[PDB]
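Asker: The structure follows.
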Amino acid sequence: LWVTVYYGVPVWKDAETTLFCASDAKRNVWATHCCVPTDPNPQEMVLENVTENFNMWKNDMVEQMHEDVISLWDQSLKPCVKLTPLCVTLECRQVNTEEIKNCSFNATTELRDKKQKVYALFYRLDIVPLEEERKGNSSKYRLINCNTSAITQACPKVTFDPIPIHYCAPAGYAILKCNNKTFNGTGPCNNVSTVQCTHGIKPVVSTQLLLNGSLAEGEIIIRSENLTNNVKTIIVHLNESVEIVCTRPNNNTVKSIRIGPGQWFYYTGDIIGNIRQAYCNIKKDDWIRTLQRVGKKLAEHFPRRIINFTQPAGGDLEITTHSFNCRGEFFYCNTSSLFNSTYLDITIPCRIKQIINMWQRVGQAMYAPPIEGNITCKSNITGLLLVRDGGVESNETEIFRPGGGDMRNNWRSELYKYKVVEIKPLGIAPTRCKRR
Amino acid sequence: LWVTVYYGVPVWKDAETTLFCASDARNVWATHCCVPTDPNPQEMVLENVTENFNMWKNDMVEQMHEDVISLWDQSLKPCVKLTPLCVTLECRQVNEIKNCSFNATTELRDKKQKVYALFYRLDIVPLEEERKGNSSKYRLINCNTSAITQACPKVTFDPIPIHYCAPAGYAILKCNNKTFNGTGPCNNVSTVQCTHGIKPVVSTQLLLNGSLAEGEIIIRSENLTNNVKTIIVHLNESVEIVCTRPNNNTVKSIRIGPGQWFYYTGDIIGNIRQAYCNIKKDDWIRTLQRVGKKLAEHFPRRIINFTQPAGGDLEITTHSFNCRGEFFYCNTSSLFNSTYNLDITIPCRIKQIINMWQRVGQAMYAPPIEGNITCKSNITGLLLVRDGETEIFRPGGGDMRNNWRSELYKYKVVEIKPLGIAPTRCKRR
Amino acid sequence: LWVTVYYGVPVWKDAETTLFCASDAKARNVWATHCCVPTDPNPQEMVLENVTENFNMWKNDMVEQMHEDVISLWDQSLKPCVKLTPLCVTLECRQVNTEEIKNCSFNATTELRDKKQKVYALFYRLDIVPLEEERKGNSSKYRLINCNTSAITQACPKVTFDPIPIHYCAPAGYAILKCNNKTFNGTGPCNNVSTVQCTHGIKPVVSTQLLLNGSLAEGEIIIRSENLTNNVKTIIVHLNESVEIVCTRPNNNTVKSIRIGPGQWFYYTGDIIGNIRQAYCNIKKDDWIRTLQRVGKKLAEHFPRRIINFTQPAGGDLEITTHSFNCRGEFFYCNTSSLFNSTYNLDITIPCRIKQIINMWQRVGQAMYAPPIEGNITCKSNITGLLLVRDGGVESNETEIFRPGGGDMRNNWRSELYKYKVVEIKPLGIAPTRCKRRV
Amino acid sequence: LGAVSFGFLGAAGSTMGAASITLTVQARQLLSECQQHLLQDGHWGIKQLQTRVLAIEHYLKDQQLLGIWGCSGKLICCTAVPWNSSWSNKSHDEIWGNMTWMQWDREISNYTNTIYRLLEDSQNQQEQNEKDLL
Amino acid sequence: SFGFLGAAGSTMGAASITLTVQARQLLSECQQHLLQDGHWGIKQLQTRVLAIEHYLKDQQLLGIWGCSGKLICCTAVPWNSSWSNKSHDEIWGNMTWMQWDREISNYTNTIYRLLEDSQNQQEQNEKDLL
Amino acid sequence: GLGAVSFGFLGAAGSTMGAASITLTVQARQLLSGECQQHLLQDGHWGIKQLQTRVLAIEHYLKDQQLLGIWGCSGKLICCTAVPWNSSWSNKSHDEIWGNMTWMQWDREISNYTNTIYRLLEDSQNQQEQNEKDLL
Ligand SMILES: *[C@@H]1O[C@H](CO)[C@@H](O[C@@H]2O[C@H](CO)[C@@H](O[C@@H]3O[C@H](CO[C@H]4O[C@H](CO)[C@@H](O)[C@H](O)[C@@H]4O)[C@@H](O)[C@H](O[C@H]4O[C@H](CO)[C@@H](O)[C@H](O)[C@@H]4O)[C@@H]3O)[C@H](O)[C@H]2NC(C)=O)[C@H](O)[C@H]1NC(C)=O
Ligand SMILES: *[C@@H]1O[C@H](CO)[C@@H](O[C@@H]2O[C@H](CO)[C@@H](O[C@@H]3O[C@H](CO[C@H]4O[C@H](CO)[C@@H](O)[C@H](O)[C@@H]4O)[C@@H](O)[C@H](O[C@H]4O[C@H](CO)[C@@H](O)[C@H](O)[C@@H]4O)[C@@H]3O)[C@H](O)[C@H]2NC(C)=O)[C@H](O)[C@H]1NC(C)=O
Ligand SMILES: *[C@@H]1O[C@H](CO)[C@@H](O[C@@H]2O[C@H](CO)[C@@H](O)[C@H](O)[C@H]2NC(C)=O)[C@H](O)[C@H]1NC(C)=O
Ligand SMILES: *[C@@H]1O[C@H](CO)[C@@H](O[C@@H]2O[C@H](CO)[C@@H](O)[C@H](O)[C@H]2NC(C)=O)[C@H](O)[C@H]1NC(C)=O
Ligand SMILES: *[C@@H]1O[C@H](CO)[C@@H](O[C@@H]2O[C@H](CO)[C@@H](O)[C@H](O)[C@H]2NC(C)=O)[C@H](O)[C@H]1NC(C)=O
Ligand SMILES: *[C@@H]1O[C@H](CO)[C@@H](O[C@@H]2O[C@H](CO)[C@@H](O)[C@H](O)[C@H]2NC(C)=O)[C@H](O)[C@H]1NC(C)=O
Ligand SMILES: *[C@@H]1O[C@H](CO)[C@@H](O)[C@H](O)[C@H]1NC(C)=O
Ligand SMILES: *[C@@H]1O[C@H](CO)[C@@H](O)[C@H](O)[C@H]1NC(C)=O
Ligand SMILES: *[C@@H]1O[C@H](CO)[C@@H](O)[C@H](O)[C@H]1NC(C)=O
Ligand SMILES: *[C@@H]1O[C@H](CO)[C@@H](O)[C@H](O)[C@H]1NC(C)=O
Ligand SMILES: *[C@@H]1O[C@H](CO)[C@@H](O)[C@H](O)[C@H]1NC(C)=O
Ligand SMILES: *[C@@H]1O[C@H](CO)[C@@H](O)[C@H](O)[C@H]1NC(C)=O
Ligand SMILES: *[C@@H]1O[C@H](CO)[C@@H](O)[C@H](O)[C@H]1NC(C)=O
């Protein structure tokens, strides 16, 4: 009958706003930043009888996480030693004991009128030849990416270990979480709740397998923006983890030199014992059951087709191998022996690189210093990134090849259940009471 | 009888603030000036309102000056530095342009490369006596003063119209009185949110683009009888000037460091020719007859002599402009050679190392463009300086504020004061 | 009887806030460039009658803010100045004929990258580290000190670091309380508290053992320490009458300069016109003796039944054993062992060394080069307080040993900020009254 | 700070009546170092200030509207504008008993500006009536 | 507040009538780039913060006088012929708000002090009615 | 500045509450009403520090105004309420509280009950709001 103005109305609208990062209480990164302590025993308020429309794609939380991860990485590397002085001709020979070469070069010193003779072991993947090789007992080589840009040494005192972080809404905004399991990433969610902060998300970097993530509450869930369109990447969320143990079985002796005032350069000096290839061991029975279950779930979406898991097409290691950071070492593992089926460990050969072009940004190379001794780490495989071949012609089959690309499909694997909304407390309604 | 407090009173006070840049919806002017402007923008004429405007002491000009310099420097900052090229050059005759060889750096610190490049004599400073035969040693100009930064070849500075917009709480008053000089009352004032489109064109003697006077030619000066002030002449009709560099340049590039590409002129395919401008002769003559007449009105019982500028540094005696990224220094002495009671060809010099904004150091290097260069400008005004029965007026300039002031002369920024008090007949009770 | 809400209640709570700096409006000076906000003439000060407030000289956030501001201003002032990395070259040095100053030669860079220039310069031995065993009369090889640790930045000769009074001012909503009790020991209650908008003028003078150009005590000499029993803590003797100290570098230097690169000039000492003399300071003898006797008396009162023995600092690096200070841009390191030579409750000449490469605040990795000044240097200061460190331990012969302190710049600034506290105004309060709102 | 507490939500799943009866009961109770790295060490210093500044502007804008409508200082305020069946012809009991605030907000979103203009005019008339009490 | 200046030069009386209705109605990816480029973000924040501070100062001032929530508010302070000796027929006719503002620009503090004293008396009376 | 931000509101500290209140009622209105642009807030972090200070001052001002609004005290400096005083909060007599006692001592004495009192004030206003709705 009459208009009444109400303030505090439980209504919200979709909005894009900056969300601060908060980490659990008690050097590093992901802790120096994200310092804000989280609440102990955080609250979640379930909204009864509330259905909301969620879309894990076009989720601004992913773009913010992407930019924060890149920005923090670059800020961490900024105050570190530049390796521009080392873009010199290298004279490399076979290591006395061809993945690793013994390279001699003339490095700078703190005095600009003096140079020093340095011997170092480098991986072949970090070196580009200038001359035909196998001439005499040595040949001239250049560091990879020297022509493209400067190489910055990561600070050896700062670690990038992916501790969990939480994203929190600023006052006036709220984060809605989708509680319903089996949600495919788009459309309505019939069980939602309101939270202030997200759960703890580990900023783990990988290209084919998703490591140390969350497990599905129920069954394996296949999420893709458009399964028909083979351009889009399919994210597979597992309900059980598969254990993978990776190692670099080489007892390295690490040496360091000064290359300018206060500028220390770290490199591998020698290897004690013989030289062995890095590798990963993935439990065979868990992998086989996992792949059979994924094949089953894909069959439900691609009926009357053979589900063929195959290797990636040949190309640069960055787009064909499983990449990961194991205690600062960068592994590039050849997973063609895993995706070899058609619906006691499996050993995966791995290559190691020290000069890394992260996030497909050409022009900002980083050098990862070596760690003495041998490296071993263990992780939980919690999901997969698959790309459907999508050829128009096939003998009633569908081929699913491992593919990653954007790290942005890794962060979508954790943020798919969250939406950020703005509270709109002012509204009107009819009443029977006149102002008079 | 009783005091009443009103909120929302249409009263304003003169105030300074920070205006934001907007433009009509790469180019540094398009990267900046991010806010889209409205199509068909609002202008609200204030009836029976007289306001005092002053073209000089206008903070919008100082802001535009600072914003242009800041944007320019931010645009050049992430670009290739040419410090590695401060080496001895060995220069020989090609057959004003010399064929100079030098040992440039490479991506490897233990290797150098031999580079042959053509440089203009104005960019080269001798180290020893210059011989007609053999070769002589020289260095790049300004090497002993500052590092030289190469402009990024993929970033263009070509001016586009921009609009300055008031923040909320402020308004811009525009003087709509035609044939209005500065320092005085304006009897036709309208309120706008943003200025009209202004092109940040850089020139030293002629104003090569912009708005034309709605009325007759207007002579504006802070103190016309003071011979140390610059006189800004706004024309009501433009004069077409076509400038060109008739040199079929072949551009080569080398790396001088990791990811650091250096661009230089490699060769000239045809004949070596001097750059020049052609300004329509009849339009220029009518323009100066009209300017001379107005100056005679301002300086009665005097002869008006338009002469060439006095000798001095090239940057302050020639007409400088940016034509597709190339910097022309045209000797406009043939244009100011007359006394008041088809084309005129002006020779031009080209420079690659530019000291902008009258600063010492922070030199910029302009990469060459392949082929020949042409551009066409509409001369809209003149910057004249009086020497102080014959008055002598010479081209002059170089203080960039005068170019931007020539567009902002009609705008004032004011602050809205919504409170006011007046007597009423009604008591609070 | 009924709750009544009052807004504007004269109540405050301790709070931290960023303060802003202000200075005299009437004027290169880094401190004048910063602290640009003019202060008021005849500033407001109000006395709070019958107000007792607990002050604590230690754990005063105004000191931490002043410390960070001083460091930030120094680091910013050197940001655009010439870097001396190109001068880390083998340097060949011989003794100057008519140990402390050597005639060194080196091949410096030039405007062009393919040319070098031969440069001769005089350097102090304290700025040079040998590379090979030295030989008298021969061109031994040396390098500049701190070259291996980090880059050396030349201070800009146009930039002036001379201390001026500055004032720290509270932002709106906060007030600075000042203790006006002339005998306040730095902690505990103060029964005469006034409120100010800004502190008095404080000169950011940098010194290691003696406090120069500070305020004088209103009363007698005041001995302040966080804990006198704990001999680890530094004591800050404030003095009620200054002692005049005159310092000089009696060397008529000729200063030369070269270019290092485009637009980058390097300044160095070219020659000495006259003889070579050691720098020195002179402190009036009678004023020093009376001052030290009065300090000994106060310490004896604080440490009864003990002999107060003042001795020299234990041996170590000059930065922690000598009285360092900046005299018109040059850095003096004066040996004060001849002053702290008393036993118990005409001038005195102090030898001084001079250095050009300074590691300010003992921060390893950020060295600066102090350009030379032509002619000879004189300056004079007022000694207003001492930094003393007690050596207890065994307490041999029932004595206490006091030595010069220093090494932590916050003790110098605390010596001026000890009387100020920053509080937040809390204007909203509740009290019972006899009035109720109508239903 | 405004109506920004999380406890303002949860009533979204209740009907307008049931949620309304929570206002004036809970609404007032709901209304009620490492910082040198997050700030002054990157562009985060600006992003955080923009968020804080933006939140203030939104708060003030909502308060301004309450001022304009004559609703300042209240959580529920009745006006003198009659309800038009053109905006919504659902019965009072149907709106309050069988709808949530979210669905209601959607149903009349296209008339919100119209209603707001009427509120302004109503207050305008009331202000004149106060002046006319002379 | 841009449209408020449309009433400029309206003899005040007309301007007052115009504001009576119009003032209430008047009161009611690339852009982010420059916020991280140089110091443009700081200048924009200074502009927004200053605008907020001036708005709040005006609202505080209206609150002090007891005019909060109103657009036009009558007080209990009588007009003094010293401040202006013009009649109400001249002030509200053949005179604009700019001219009036100049006319009493130097009496603002006297009027404000009287308004503050009047509000103190009113608030007291309100306390006394209880 | 904004709000009760002046030394005139800080003076009278140490003075009896009754006298400070009397001063308040005749001074608060008068007190409430009352190349740095190139070096500072450019090329340094003074910009952020001052903006944080100004924004924080604004937030504190608005917070206090919100509290006065919620309690129904908007536009007043001394607002009477309808919440009875509980002897469990303070058992001192009216004269002892208003005489021979300063605002600092009073604030310390009831600090532990401040939030309880605030909750009651909020509840009181809700009852008053219902009465306004009912008497129509
Ligand atoms: C998925 O999650 C797992 C579990 O977190 C990750 O694997 C762990 O990774 C961390 C960090 O890379 C490993 O921690 C490192 O262990 C080294 C060996 O530890 C031995 O010695 C310590 C001595 O205290 C014993 O406590 C320990 O039990 C072992 O006996 C340490 O030497 C490392 O310390 C070094 O780095 C830290 C970094 O801050 C420095 O502070 C130290 O001073 C020192 O320099 C480090 O603590 C951990 O061992 C791994 N666990 C397992 C089971 O492998 C996976 O990496 C993750 N997945 C991905 C893809 O990242
Ligand atoms: C404790 O406080 C005292 C007093 O404030 C300080 O001593 C003063 O320090 C300043 C700065 O070092 C001295 O000022 C300098 O004086 C030089 C000239 O001195 C004589 O010579 C000229 C003739 O050449 C006479 O006209 C003059 O009156 C003096 O008799 C100046 O040349 C210096 O100028 C340099 O710096 C300025 C800075 O702006 C530049 O503009 C100049 O171009 C030039 O580079 C300088 O002004 C002052 O003389 C000292 N006073 C006394 C009595 O000695 C103490 O230093 C201070 N204690 C500490 C520890 O700092
Ligand atoms: C909707 O989701 C919520 C949260 O996921 C469910 O509530 C949980 O229920 C389990 C019991 O199965 C409890 O152990 C948890 O503690 C509950 N969590 C919370 C936050 O309440 C709720 O049961 C779901 N409802 C439906 C119908 O799916
Ligand atoms: C610009 O126009 C103004 C008039 O609006 C001129 O100002 C005055 O003009 C009268 C003649 O009408 C002179 O007697 C005064 O001396 C002028 N005053 C000043 C301060 O100059 C003004 O002279 C004009 N300026 C120019 C350069 O033409
Ligand atoms: C050192 O102390 C002396 C006094 O002991 C100061 O000399 C006085 O300074 C004031 C200026 O503040 C003059 O008005 C007096 O006339 C001076 N008296 C004498 C005897 O010189 C001196 O200024 C102090 N120096 C410093 C740097 O603080
Ligand atoms: C500074 O303090 C000392 C004491 O610490 C004062 O010295 C006293 O001066 C009186 C003057 O008549 C003598 O009778 C005392 O014997 C002195 N005491 C000592 C221990 O020597 C000195 O006068 C004070 N000076 C100022 C300016 O306050
Ligand atoms: C998926 O992509 C195909 C491309 O062939 C398109 O035709 C189809 O409509 C897309 N599906 C959706 C739901 O957009
Ligand atoms: C790695 O080093 C550890 C050190 O204890 C050793 O136990 C382990 O066997 C090593 N692994 C390999 C593959 O050498
Ligand atoms: C300062 O005086 C107080 C007495 O008010 C005393 O408790 C405290 O210990 C003294 N501190 C020092 C350092 O003398
Ligand atoms: C001062 O130091 C002594 C050292 O023995 C210690 O016992 C005493 O507790 C300290 N004083 C305070 C107040 O902590
Ligand atoms: C009014 O009721 C009719 C049903 O007769 C319905 O179609 C229409 O949408 C209603 N209008 C509104 C504004 O709810
Ligand atoms: C103005 O008011 C004062 C008192 O506030 C009075 O004394 C004075 O006479 C008044 N002016 C005139 C012209 O009456
Ligand atoms: C302080 O106490 C004295 C004596 O009790 C009294 O006269 C004086 O007025 C008090 N201070 C104030 C501000 O009232």
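Simple scheme: letters A, B, ... for chains in structure tokens order, numbers from 1 for residues in each chain, numbers from 1 for ligands in the order shown.
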With a cut-off of 6 Å and counting only C-alpha atoms, select all residues of chain A in contact with chain B and give the selection as an MDAnalysis selection string.

Answerer: chainID A and resid 87:88 146:150

Asker: As number ranges by chain, please: every protein or nucleic acid residue near ligand 7 (cut-off 7 Å, counting only C-alpha atoms and all ligand atoms).

Answerer: A: 226-229

Asker: Those residues with C-alpha atoms, as a compact mmCIF listing (two decimals), in the first residue's frame please?

Answerer:
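Wrote part.txt, looks like this:
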# COMPACT_ATOMS: atom_id res chain seq x y z
CA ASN A 226 32.64 -26.78 -23.77
CA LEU A 227 33.38 -30.49 -24.16
CA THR A 228 32.40 -30.35 -27.83
CA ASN A 229 35.08 -27.72 -28.56

Asker: List as JSON, numbers by chain the protein and nucleic acid residues near residue 142 (chain C), meaning an atom at most 7 Å away when only C-alpha atoms are counted, but skip any in the same chain fewer than 3 places from it.

Answerer: {"C": [90, 91, 92, 93, 128, 129, 130, 131]}

Asker: Go ahead and save the residues from that selection, with N, CA and C atoms, as an mmCIF file, in the first residue's frame.

Answerer:
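Output file selection36.cif is given in full below:
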data_model
loop_
_atom_site.group_PDB
_atom_site.id
_atom_site.type_symbol
_atom_site.label_atom_id
_atom_site.label_comp_id
_atom_site.auth_asym_id
_atom_site.auth_seq_id
_atom_site.Cartn_x
_atom_site.Cartn_y
_atom_site.Cartn_z
ATOM 1 N N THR C 90 92.436 -2.214 -10.168
ATOM 2 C CA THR C 90 93.715 -2.285 -9.484
ATOM 3 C C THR C 90 94.247 -0.868 -9.367
ATOM 4 N N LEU C 91 94.627 -0.497 -8.157
ATOM 5 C CA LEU C 91 95.112 0.833 -7.836
ATOM 6 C C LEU C 91 96.565 0.738 -7.391
ATOM 7 N N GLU C 92 97.477 1.480 -8.021
ATOM 8 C CA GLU C 92 98.889 1.418 -7.634
ATOM 9 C C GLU C 92 99.257 2.660 -6.841
ATOM 10 N N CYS C 93 99.794 2.463 -5.635
ATOM 11 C CA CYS C 93 99.999 3.551 -4.686
ATOM 12 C C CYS C 93 101.429 3.596 -4.169
ATOM 13 N N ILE C 128 91.587 2.217 1.795
ATOM 14 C CA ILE C 128 92.307 1.335 0.894
ATOM 15 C C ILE C 128 92.642 0.019 1.584
ATOM 16 N N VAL C 129 92.455 -1.081 0.867
ATOM 17 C CA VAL C 129 92.798 -2.425 1.326
ATOM 18 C C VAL C 129 93.906 -2.966 0.425
ATOM 19 N N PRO C 130 95.054 -3.396 0.960
ATOM 20 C CA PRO C 130 96.104 -3.929 0.084
ATOM 21 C C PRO C 130 95.739 -5.258 -0.555
ATOM 22 N N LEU C 131 96.245 -5.452 -1.773
ATOM 23 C CA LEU C 131 96.125 -6.708 -2.504
ATOM 24 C C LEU C 131 97.375 -7.565 -2.376
#

Asker: I need the chain D residues near chain B as a PyMOL selection string; criterion: at most 10 Å, counting only C-alpha atoms.

Answerer: chain D and resi 130-134

Asker: Atoms to include: N, CA and C atoms. Write the selected residues as a PDB file, in the first residue's frame.

Answerer:
ATOM      1  N   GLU D 130       6.992  21.747   6.228  1.00  0.00           N
ATOM      2  CA  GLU D 130       7.599  22.174   7.479  1.00  0.00           C
ATOM      3  C   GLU D 130       7.795  23.675   7.455  1.00  0.00           C
ATOM      4  N   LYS D 131       8.245  24.198   6.314  1.00  0.00           N
ATOM      5  CA  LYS D 131       8.435  25.632   6.196  1.00  0.00           C
ATOM      6  C   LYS D 131       7.098  26.327   6.408  1.00  0.00           C
ATOM      7  N   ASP D 132       6.020  25.729   5.885  1.00  0.00           N
ATOM      8  CA  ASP D 132       4.699  26.332   5.963  1.00  0.00           C
ATOM      9  C   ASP D 132       4.105  26.279   7.363  1.00  0.00           C
ATOM     10  N   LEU D 133       4.776  25.666   8.345  1.00  0.00           N
ATOM     11  CA  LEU D 133       4.232  25.678   9.699  1.00  0.00           C
ATOM     12  C   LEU D 133       4.333  27.042  10.369  1.00  0.00           C
ATOM     13  N   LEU D 134       5.071  27.985   9.784  1.00  0.00           N
ATOM     14  CA  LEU D 134       5.183  29.350  10.294  1.00  0.00           C
ATOM     15  C   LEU D 134       3.811  29.958  10.597  1.00  0.00           C
TER      16      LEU D 134
END

Asker: What lies within 7 Å of region 342-345 of chain C using only C-alpha atoms, ignoring chain neighbours under 2 positions off, as a short mmCIF file (atom, residue, chain, number, x, y, z; two decimals) with N, CA and C atoms, in the first residue's frame?

Answerer:
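The new file selection-v1.cif reads:
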data_model
loop_
_atom_site.label_atom_id
_atom_site.label_comp_id
_atom_site.auth_asym_id
_atom_site.auth_seq_id
_atom_site.Cartn_x
_atom_site.Cartn_y
_atom_site.Cartn_z
N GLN C 293 83.47 15.47 36.27
CA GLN C 293 83.36 15.31 37.72
C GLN C 293 81.91 15.29 38.16
N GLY C 296 80.48 11.96 37.28
CA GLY C 296 80.95 10.97 38.23
C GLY C 296 80.18 11.04 39.52
N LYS C 297 79.86 12.26 39.97
CA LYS C 297 79.06 12.42 41.18
C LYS C 297 77.69 11.77 41.03
N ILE C 307 83.83 3.00 43.21
CA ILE C 307 84.67 4.02 42.58
C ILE C 307 84.25 4.10 41.12
N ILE C 308 84.02 5.31 40.64
CA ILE C 308 83.59 5.53 39.27
C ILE C 308 84.82 5.76 38.41
N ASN C 309 85.17 4.76 37.60
CA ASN C 309 86.35 4.81 36.73
C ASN C 309 85.90 4.92 35.28
N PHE C 310 86.32 5.99 34.61
CA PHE C 310 86.07 6.17 33.18
C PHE C 310 87.33 5.76 32.44
N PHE C 340 88.25 10.32 28.51
CA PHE C 340 87.68 9.41 29.51
C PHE C 340 88.83 8.71 30.23
#

Asker: Could you write out as an MDAnalysis selection string the residues of chain D within 8 Å of chain E, counting only C-alpha atoms?

Answerer: chainID D and resid 43 46 49:50 53 57 64:65 67:68 70 72 117 120:121 124 127

Asker: For the residues in the current selection, export C-alpha atoms as a PDB file, in the first residue's frame.

Answerer:
ATOM      1  CA  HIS D  43      51.436  -1.522  -6.059  1.00  0.00           C
ATOM      2  CA  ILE D  46      47.519   1.670  -3.888  1.00  0.00           C
ATOM      3  CA  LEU D  49      43.684   2.281  -0.533  1.00  0.00           C
ATOM      4  CA  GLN D  50      41.397   2.184  -3.537  1.00  0.00           C
ATOM      5  CA  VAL D  53      38.288   4.616  -0.459  1.00  0.00           C
ATOM      6  CA  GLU D  57      32.171   6.282  -1.161  1.00  0.00           C
ATOM      7  CA  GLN D  64      23.031  10.343   1.138  1.00  0.00           C
ATOM      8  CA  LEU D  65      19.996   8.618  -0.307  1.00  0.00           C
ATOM      9  CA  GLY D  67      19.133  11.681   3.872  1.00  0.00           C
ATOM     10  CA  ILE D  68      17.381  12.694   0.659  1.00  0.00           C
ATOM     11  CA  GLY D  70      14.095  11.634   4.974  1.00  0.00           C
ATOM     12  CA  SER D  72      18.340   9.186   8.037  1.00  0.00           C
ATOM     13  CA  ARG D 117      12.276   9.743  -7.845  1.00  0.00           C
ATOM     14  CA  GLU D 120      12.539  12.494  -3.518  1.00  0.00           C
ATOM     15  CA  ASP D 121       9.400  14.344  -4.487  1.00  0.00           C
ATOM     16  CA  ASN D 124      10.401  17.715  -1.129  1.00  0.00           C
ATOM     17  CA  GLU D 127      10.086  19.946   3.529  1.00  0.00           C
TER      18      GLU D 127
END

Asker: At a cut-off of 7 Å, list the chain C residues touching chain F, using only C-alpha atoms, as a list in words.

Answerer: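 Listed by rising number, the hits are residues 1, 2, 3, 4, 5, 6, 7, 8, 9, 10, 11, 33, 36, 37, 48, 49, 50, 51, 172, 173, 427, 432, 435, 436, 437 and 439 of chain C.
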
Asker: Would you mind listing, for every residue of region 203-320 of chain B within 9 Å of region 389-404 of chain B, the two atoms forming the shortest contact and the distance between them in Å to one decimal, using only C-alpha atoms, sorted by chain and ascending residue number, as a Markdown table?

Answerer:
| residue | atom | partner | partner_atom | distance |
| --- | --- | --- | --- | --- |
| B:203 | CA | B:403 | CA | 7.7 |
| B:204 | CA | B:397 | CA | 5.0 |
| B:205 | CA | B:396 | CA | 5.5 |
| B:206 | CA | B:395 | CA | 8.4 |
| B:207 | CA | B:403 | CA | 7.0 |
| B:230 | CA | B:397 | CA | 7.4 |
| B:232 | CA | B:402 | CA | 7.5 |
| B:299 | CA | B:391 | CA | 8.2 |
| B:301 | CA | B:389 | CA | 7.2 |
| B:302 | CA | B:389 | CA | 5.0 |
| B:303 | CA | B:390 | CA | 4.4 |
| B:304 | CA | B:391 | CA | 5.2 |
| B:305 | CA | B:392 | CA | 4.7 |
| B:306 | CA | B:393 | CA | 5.1 |
| B:307 | CA | B:394 | CA | 5.4 |
| B:308 | CA | B:394 | CA | 5.7 |
| B:309 | CA | B:394 | CA | 5.2 |
| B:310 | CA | B:394 | CA | 8.1 |
| B:315 | CA | B:398 | CA | 7.9 |
| B:316 | CA | B:398 | CA | 6.4 |
| B:317 | CA | B:396 | CA | 7.1 |
| B:318 | CA | B:396 | CA | 8.5 |
| B:319 | CA | B:395 | CA | 8.6 |

Asker: Residues within 9 Å of residue 30 (chain A), please, as a ChimeraX atom specification. Count only C-alpha atoms; anything in the same chain fewer than 3 positions from it doesn't count.

Answerer: /A:21,23,33-35,72,160-165,203

Asker: Could you please extract the residues within 12 Å of ligand 10, counting only C-alpha atoms and all ligand atoms, and hand them back as a VMD selection string?

Answerer: chain C and resid 187 to 188 225 to 233 392 to 393

Asker: Which residues of chain D are close to chain A, meaning at most 6 Å apart when you count only C-alpha atoms, and how do they look as a list in words?

Answerer: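 Listed by rising number, the hits are residues 3, 4, 8, 9, 10, 12, 13, 75, 76, 77, 78, 79, 80, 81, 82, 83 and 102 of chain D.
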